[PDB]
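One structure is given here, and the rest of the page talks about it.
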Amino acid sequence: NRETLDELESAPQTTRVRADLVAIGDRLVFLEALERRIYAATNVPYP
Amino acid sequence: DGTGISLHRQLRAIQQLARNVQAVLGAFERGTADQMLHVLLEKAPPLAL
C-alpha cells in the first residue's frame, strides 16, 4: 500500500572533523589514505 | 473462519491488489512514451541519406 513509514527516529549528535572532501560529478566523496593513520608501525599487511 | 488469519489474509490480497492497479496505470502512463519513439522511427530517414 506504498508503505514508507518504516522508521524516523533520531538524527543524532554531530561533530566537526578534518577530513578530505572532493567533488566528482554530482557526488561529493571523501578521500582517505590508510597508511599513517591506522597502520603506522603495526607489522600487519595493508590490504 | 472469523479468526485473525482469515481477516488478515483478506488484507493480504487487497494490498496485493493495490500494487497491481498502481502497476498497470503506470504501464499506459509510460507506454505512451514508448509508442512515440515507434512513430518517430517509422519515419525519420537517416541523416546521411
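Just to be sure before I move on: is residue B:19 away from chain A (no Cβ under 14 Å) and charged (D, E, K, R) in the structure I sent?
Numbers: away from chain A (no Cβ under 14 Å): no; charged (D, E, K, R): yes.
The answer is no for residue B:19.
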* Could you grab the pairs with beta carbons closer than 7 Å, sequence gap of 6+ or different chains, first residue in the stretch B:21-49 and in contact (Cβ under 8 Å) with a residue 24 or more places away in the chain, second one surrounded by 10 or more Cβ atoms within 10 Å (Cβ to Cβ)? => none
* **Residue match in the stretch B:36-44 (condition: assigned to a loop (DSSP other than H, G, I, E, B) and of a type outside the set (A, V, I, L, M))** => yes
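Would you pick out the residues in chain A that are basic (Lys, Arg) and within 14 Å of chain B (Cβ to nearest Cβ)?
So the first thing to find is which residues in chain A are basic (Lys, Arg), and the list is A:2, A:16, A:18, A:27, A:36-37.
Matches in chain A: A:2 only.
Quick check: is even one residue across the stretch A:22-35 of a type in the set (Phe, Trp, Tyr) and loosely packed, with under 10 Cβ neighbours inside 10 Å? Walk me through it before giving the result.
At the first step, the residues of the stretch A:22-35 found to be of a type in the set (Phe, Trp, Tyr) are A:30.
With loosely packed, with under 10 Cβ neighbours inside 10 Å added as a condition, the list becomes A:30.
Yes, some residue in the stretch A:22-35 is of a type in the set (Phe, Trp, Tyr) and loosely packed, with under 10 Cβ neighbours inside 10 Å.
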* Asked: So residue A:38 fits all but one of (1) exposed (fewer than 10 other Cβ atoms within 10 Å of the Cβ); (2) assigned to a loop (DSSP other than H, G, I, E, B); (3) under 18 Å from the mean Cα position of the chain (by Cα); what number is the exception?
  -> (1)
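Could you say whether any residue in the stretch A:23-31 is outside any strand (DSSP E or B) and at positive phi?
yes
Computed from the coordinates by the stated procedures, all read-outs in this text should not be read as laboratory data. Neighbour counts run over all protein chains shown; Cβ positions are idealised from the backbone, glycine included.
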